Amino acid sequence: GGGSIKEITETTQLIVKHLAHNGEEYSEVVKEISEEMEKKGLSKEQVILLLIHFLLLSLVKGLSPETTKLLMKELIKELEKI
């Protein structure tokens, strides 16, 4: 439901640090993206969904950390409208 998402965030950072040559640059994106999700009041379930969405953009689709950050920011905005 709600609460802190730092545990979910730190796990995602560690996941992407391990599976990407530029994992550190992705981890910083996870940090900035997670703080925006907790700012926008998104639920834990939305955070996990979006963090897994970030993992698939970065690690599966091969999108740069800057690209994924832009897409995650636009997805967070779309979520707060609903």
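The first residue of the sequence shown is number 1, and the count goes up from there.
Enquirer: Place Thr9 in the lowest, middle or highest third of its chain's C-alpha B-factors, as listed in the PDB entry.
Expert: It belongs to the lowest third of the chain when residues are ordered by C-alpha B-factor.
Enquirer: Sorting by Cα B-factor within the chain, modelled residues only, which third would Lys17 end up in: lowest, middle or highest?
Expert: According to the entry, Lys17 has a C-alpha B-factor in the chain's middle third.
Enquirer: Would you mind checking where the Cα B-factor of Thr67 ranks among the modelled residues of its chain, as the lowest, middle or highest third?
Expert: Middle third - that is where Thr67 ends up once the chain's C-alpha B-factors are sorted.
Enquirer: By its CA B factor, does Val30 count among the lowest, middle or highest third of the modelled residues in the chain?
Expert: Middle third - that is where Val30 ends up once the chain's C-alpha B-factors are sorted.
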